[PDB]
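Listed in order, the protein sequences are those of chains B and A. Under the authors' numbering, the residues of the first sequence are numbered 69 to 110, 121 to 482, in order. Under the authors' numbering, the residues of the second sequence are numbered 67 to 109, 121 to 482, in order. By construction, the Cβ of each residue, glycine as well, lies at the ideal position given by its N, Cα and C atoms. Reading through the structure tokens given below for one structure.
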Amino acid sequence: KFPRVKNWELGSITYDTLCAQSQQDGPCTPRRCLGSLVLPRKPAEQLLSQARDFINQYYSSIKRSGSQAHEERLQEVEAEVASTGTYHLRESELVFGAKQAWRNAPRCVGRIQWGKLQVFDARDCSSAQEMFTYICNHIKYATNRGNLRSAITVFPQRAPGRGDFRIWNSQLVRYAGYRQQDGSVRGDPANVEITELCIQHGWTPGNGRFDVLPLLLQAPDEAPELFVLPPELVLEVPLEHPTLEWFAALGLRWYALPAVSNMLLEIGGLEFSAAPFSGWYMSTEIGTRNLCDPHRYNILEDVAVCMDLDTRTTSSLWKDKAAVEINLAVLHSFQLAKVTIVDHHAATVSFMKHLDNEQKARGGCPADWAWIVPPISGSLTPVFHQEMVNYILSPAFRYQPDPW
Amino acid sequence: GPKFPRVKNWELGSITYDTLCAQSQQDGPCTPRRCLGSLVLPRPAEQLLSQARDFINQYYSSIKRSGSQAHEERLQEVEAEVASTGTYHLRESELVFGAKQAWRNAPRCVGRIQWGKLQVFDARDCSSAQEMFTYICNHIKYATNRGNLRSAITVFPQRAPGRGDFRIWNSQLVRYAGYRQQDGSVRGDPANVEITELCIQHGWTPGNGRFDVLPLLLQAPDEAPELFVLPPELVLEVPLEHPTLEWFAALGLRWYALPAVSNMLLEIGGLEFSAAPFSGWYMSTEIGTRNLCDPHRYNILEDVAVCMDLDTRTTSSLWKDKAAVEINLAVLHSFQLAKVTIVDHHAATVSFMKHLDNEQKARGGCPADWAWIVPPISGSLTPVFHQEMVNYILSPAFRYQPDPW
Ligand code: HEM
Ligand code: HEM
Ligand SMILES: Cc1cc(N)nc(CCc2cncc([C@@H](CN)Cc3cc(C)cc(N)n3)c2)c1
Ligand SMILES: Cc1cc(N)nc(CCc2cncc([C@@H](CN)Cc3cc(C)cc(N)n3)c2)c1
Ligand SMILES: C[C@H](O)[C@H](O)[C@H]1CNc2nc(N)[nH]c(=O)c2N1
Ligand SMILES: C[C@H](O)[C@H](O)[C@H]1CNc2nc(N)[nH]c(=O)c2N1
Ligand SMILES: [Zn+2]
């Protein structure tokens, strides 16, 4: 049965027929739904059918479905897998696969942009030093002085014989988190472990709240190497508020570039264990999650006290009021610094447009409602009222085990 | 590790495993192929006996008499009743247990810390629409308790072979009329357009205000539904004002005190109670965010933002967020002033986290629908946003049922 998908605000219904193209199981079963879980719990013919399916997707996308080029490409893949157990993508196929992985990413609210992705082929990378150069170019390109551009850099794929290329950091730009044996964390508590790893591999730590981490880059079967990002590469935006002057005094800042660097890109059965990608932020990621999460910088209380709100009682809605102001400060500060950012209303509106384009284009769109609805003001955005079907299509971005 | 769903709280870093899902006898809408967790409504003979046996086992476990002579006698008494009549009947204490358990089992209810404190009115002797009305009036008076709200359910006779059902036609005991206007817009609550027009068709003289309390359409078996007007002093409402924005009172907004769901089917041991209205107290975001701010409900966000002089021409001013917060504060403040029970979403979710811990120990899990439990504003400011949840159907249960018309 294809799911009927209703928008409860508008009363419109669609049917998702794209989900029939899914070949991998998600975590749910008829007995229990595990849709709110963040992470999953856990042969040549199998590779060949994913390869062929991907090759088919590619030629169908260039309208050449059945051309001489198509049949001879399938024959190449076949021959290469039969001989070697693996195969290699053409650059054009890689580009198409990377865009498709993004298009297919159920957790991404920014998929309206899926077609505009700069793909850097870094599969000719042979050392951690080279990965660093490619990463530097990526940041430079993606950052573009604040006029951010979506980009992905694709490092060599996994091979049966060897260790993976990996970037140990979960993002290219992350702030350190220094633990104190009196429990507390200075900086970003989300990055305590990668901070410790960096120090342990010989990084000299700072002691600030916003110390940019170096990269730990690992070439196959080698100790990772440490590479400090040149300060000039890392665009940061100090946070101010358009009307509250004390807000500046908070000393808050955030980096411009959200660049995920720990996910696996799977295309046609091939796996790219290092393929960092970046777009631009949606303000709530910074304002709400990174700054207000209790296990992140956790600044709600501080902002609320400065706003002189009654903090002694939840029913004064001090948290909500402070959150709004902090999100406002992020938007304003990014706008002032001329750095691309999207607010959650604009982003979700674009996502609804994306759902509509995809319905027409493919008969569905995999979407993870818990991730698409923003972390504040949920029902004030259109996506809250929109039913969504979540499923895994390939090419995909997948989580993978931490390399240590 | 353990062969059950692993459930993580990402704020605290703690893990639990849900073993309760093993008790689920009924498939939800998801498959390994695709998750439908976000859909609002996804699509007997020996069957009854098997559900009845299971329910009787639950009752006897809960009174710690499982395996006992009284337990085996009850089982036999149910089999005999079914064998000769096709149906059976619940003892009063079984109904009370079953109603509380249906609440406890309700995955979309964030208010379940209260599940043990539910007043069960047994209205299974009801035999006319007039009497349903008296019972409902009684329920409302009891539950409202002049603003000190008390959870209650009234259970009308179960569905029975051949004979028609008891149905309350209204989706809640208190609802505001929604009047379709000439221009196509709605005065009042757009949610209630259909029930409003049915009330008119069945002889109600409509008002034309934004907050007209609807009459009840009560259906006794095999009879046309009958119309009953709630005496006004029975329906407690709260005019809305804001603690600092003095003009907010001038908007003339109000909401009623008692959220009383009246169109769900209570299913206990295979028996089906098609009329079993239940009521708690509000969580403030239900009023302030959903009922007042949903674009397809009262849709007041823009009016309020304009009074607050916000910049409504750009999303990036966050005018919607600022106005929603102030509306939610007005709801909390106004109910507080009026001394009508209400719980804010921070307090509700904190208590639901406690509920989860309790149920982890009591039963090894708790079915929870994340999308419904996480409040509609400020979601990640609440502890439930960071809590993974496993959603599954247990019985006894409250279930949606089709409209009687
Ligand atoms: C262009 C601007 C973009 C915006 C505004 C955006 C928005 C978002 C947001 C808000 C999330 C949730 C992030 C979180 O909660 O931590 C996300 C997740 C994601 N997006 Fe994007 N996106 C953008 C570009 C991209 C690009 C270029 C890719 C890859 C090519 C991508 C793939 C993903 C993936 C794979 C996830 C899930 C990450 C995870 O599971 O941790 N997005 N997106
Ligand atoms: C005691 C105070 C209570 C609070 C604060 C509360 C809270 C809530 C909230 C916020 C919802 C979501 C409603 C929506 O989005 O429309 C809900 C749903 C629900 N609650 Fe409660 N609850 C309470 C008492 C009760 C009682 C007494 C029962 C039944 C005995 C109940 C059973 C339900 C059910 C079945 C739903 C799902 C309704 C649906 O799907 O439409 N709860 N609860
Ligand atoms: C490309 C892009 C654009 C944009 N606007 N935002 C992003 C952010 C992606 C992201 C960054 N850190 C963390 C996450 C988290 C959950 N918030 C997902 C996650 C979970 C776990 C267990 C590990 C991990 N590395 N990542 C996601 C990426
Ligand atoms: C007992 C109780 C306490 C409390 N605080 N709140 C409630 C509210 C219940 C409720 C009130 N209106 C509407 C709903 C809607 C979805 N928001 C659920 C729903 C959807 C549909 C399609 C049908 C139906 N009967 N019910 C649920 C009930
Ligand atoms: C437990 C829950 O799934 C988890 O907190 C999710 C909820 N929704 C999210 N949505 C986004 N965009 N990012 C997140 O990290 C999360 N976290
Ligand atoms: C599409 C989506 O399931 C729908 O809008 C849900 C989301 N979460 C909800 N949560 C609650 N508590 N109540 C609701 O009516 C809804 N609506
Ligand atoms: Zn699911």
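Simplified DSSP assignment, three categories, for residue i
i                     : result
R223 (chain A)        : helix
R240 (chain A)        : coil
residue 120 (chain B) : What the structure lacks is residue 120 (chain B): chain B is numbered 110, then 121, with the residues between left out.
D299 (chain A)        : coil
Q89 (chain B)         : helix
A179 (chain B)        : helix
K74 (chain A)         : strand
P98 (chain A)         : coil
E314 (chain A)        : strand
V427 (chain A)        : helix
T459 (chain A)        : coil
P444 (chain A)        : strand
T82 (chain A)         : strand
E349 (chain A)        : strand
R130 (chain B)        : helix
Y136 (chain A)        : helix
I450 (chain A)        : helix
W482 (chain A)        : coil
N435 (chain B)        : helix
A147 (chain B)        : helix
Reference residue i, options the options, closest by Cα
i                     : options                           : result
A400 (chain B)        : B:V270, B:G255, B:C370 and B:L414 : B:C370
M360 (chain B)        : B:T164, B:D131, B:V290 and B:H410 : B:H410
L307 (chain B)        : B:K110, B:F210 and B:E379         : B:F210
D266 (chain A)        : A:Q235, A:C203, A:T221 and A:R331 : A:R331
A200 (chain A)        : A:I140, A:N225, A:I230 and A:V73  : A:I230
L342 (chain B)        : B:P473, B:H279, B:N75 and B:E123  : B:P473
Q191 (chain A)        : A:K431, A:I450 and A:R390         : A:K431
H216 (chain B)        : B:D434, B:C384, B:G357 and B:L317 : B:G357
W246 (chain B)        : B:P320, B:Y333 and B:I213         : B:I213
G188 (chain A)        : A:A425, A:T459 and A:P238         : A:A425
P234 (chain A)        : A:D202, A:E150 and A:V73          : A:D202
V383 (chain A)        : A:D398, A:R374 and A:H373         : A:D398
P292 (chain A)        : A:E300, A:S228, A:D299 and A:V312 : A:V312
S170 (chain B)        : B:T418, B:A448, B:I345 and B:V417 : B:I345
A326 (chain B)        : B:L295, B:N285 and B:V381         : B:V381
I272 (chain A)        : A:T221, A:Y253 and A:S138         : A:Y253
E349 (chain A)        : A:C101, A:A129 and A:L107         : A:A129
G441 (chain B)        : B:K69, B:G79 and B:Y83            : B:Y83
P71 (chain A)         : A:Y469, A:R476 and A:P481         : A:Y469
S351 (chain A)        : A:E154, A:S80, A:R476 and A:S127  : A:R476
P238 (chain B)        : B:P298, B:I404 and B:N376         : B:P298
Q296 (chain A)        : A:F355, A:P481 and A:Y219         : A:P481
residue 111 (chain A) : A:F412, A:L226 and A:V338         : Missing here is residue 111 (chain A): after 109, the next number in chain A is 121.
Quick one, which residues of the region 453-478 of chain B are near chain A if we go by CB-CB under 7 Å, in chain order?
-> Per Cβ criterion, the list reads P453, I454, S455, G456, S457, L458, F462, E465, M466, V467, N468 and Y469.
Looking at chain B, which residues of the region 305-325 of chain A have a Cβ within less than 7 Å of any of its Cβ atoms?
-> Flagged: no residues at all.
Residues within the region 370-390 of chain A neighbouring chain B, beta-carbon criterion of under 9 Å | For the region 370-390 of chain A, residues whose beta-carbon sits nearer than 9 Å to a beta-carbon of chain B comprise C370, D371, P372, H373 and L378.
Secondary structure, alpha helix (DSSP H): runs of 4+ residues fully inside the region 226-292 of chain A = Runs of the alpha helix (DSSP H) inside the region 226-292 of chain A: 270-278.
Residues within the region 328-341 of chain A neighbouring chain B, beta-carbon criterion of under 8 Å | Answer in chain order: no residues at all.
Check your reading: residues with Cβ closer than 7 Å to ligand 3 heavy atoms | Listed by chain position, these are B:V106, B:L107, B:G188, B:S248, B:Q249, B:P336, B:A337, B:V338, B:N340, B:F355, B:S356, B:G357, B:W358, B:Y359, B:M360, B:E363, B:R367 and B:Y477.
Would you mind listing the alpha helix (DSSP H) stretches within the region 169-213 of chain B that are 4+ residues and don't spill past its ends, in chain order?
-> List check, alpha helix (DSSP H) in window: 169-182.
Taking a cut of 9 Å between CB atoms, which residues from the region 412-445 of chain A lie near chain B?
-> Within the region 412-445 of chain A, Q413, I419, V420, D421, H422, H423, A424, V427, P444 and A445 place their CB atoms closer than 9 Å to a CB of chain B, listed in sequence order.
For ligand 7, enumerate in chain order all residues having a CB closer than 5 Å to any of its heavy atoms.
-> Matched residues: B:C96, B:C101, B:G103, A:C96, A:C101 and A:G103.
Could you run through the region 261-281 of chain B and flag, in chain order, every residue whose CB is less than 7 Å away from some CB of chain A?
-> Those residues of the region 261-281 of chain B that come within reach of chain A (Cβ to Cβ, closer than 7 Å) do not exist; the list is empty.
Tell me the start and end of each unbroken alpha helix (DSSP H) in the region 343-418 of chain A that is at least 4 residues and wholly inside, in chain order.
-> Fully enclosed alpha helix (DSSP H) runs of 4 or longer: 378-384 and 396-415.
Residues of the region 393-412 of chain B with Cβ closer than 8 Å to any Cβ of chain A, in chain order | Residues of the region 393-412 of chain B whose Cβ lies closer than 8 Å to any Cβ of chain A, in chain order: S393, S394, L395, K397, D398, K399, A401, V402, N405, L406 and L409.
Of the residues that make up the region 90-109 of chain B, which ones have a beta carbon closer than 7 Å to any beta carbon in chain A?
-> For the region 90-109 of chain B, which is checked against every Cβ of chain A, the residues closer than 7 Å are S90, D93, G94, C96, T97, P98, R99, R100, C101, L102, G103, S104, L105, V106 and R109.
Interface residues of the region 178-199 of chain A facing chain B [CB-CB below 8 Å] = Those would be none; no residue qualifies.
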